[PDB]
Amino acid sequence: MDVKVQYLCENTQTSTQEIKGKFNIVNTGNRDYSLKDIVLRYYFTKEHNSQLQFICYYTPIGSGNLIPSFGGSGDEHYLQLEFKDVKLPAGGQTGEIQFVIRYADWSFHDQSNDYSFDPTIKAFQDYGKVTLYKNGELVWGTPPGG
């Protein structure tokens, strides 16, 4: 009855320099939004202190309209996506948001200890391990320990 996330996994290897997959944010409710009001989080544990980097090679909403950051710590750590003011109508969707998370020094992740990693999902499906927040509330998904 509100926005939700679909996910698929591209890089399925435990050990990799790039976490890689796609998101799709679908507005299933009756209210149009601006994406500027929506926060997405993909939870993963960082194995290194090198700078973490987000890269989106394609999305229909334009990659320049994404505002990536990293937050939390330990088992609460995540990639966060925020957005510029891009309207997302009721019934609409972003379409694919490709994502890669890598280190500036090209260090290897261990994905096996990442809460949001699911290598068995190769086609988009509604996915509760990536969260959305809006208006200070959790509106989609379950965060770690949540």
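Position 1 is the first residue in the sequence shown; the rest follow in order.
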Hey, which bit's got the bigger mean C-alpha B factor in the entry, 53-61 or 39-47? 53-61
So which stretch wins on mean C-alpha B-factor, 88-96 or 74-82? 88-96
Per the deposited B-factor column, the C-alpha that peaks among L66, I121, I101, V26 belongs to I121
Could you tell me which third, lowest, middle or highest, the C-alpha B-factor of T16 occupies within its chain? middle
By its CA B factor, does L8 count among the lowest, middle or highest third of the modelled residues in the chain? middle
Sorting the chain's modelled residues by C-alpha B-factor, tell me whether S116 ends up in the lowest, middle or highest third. lowest
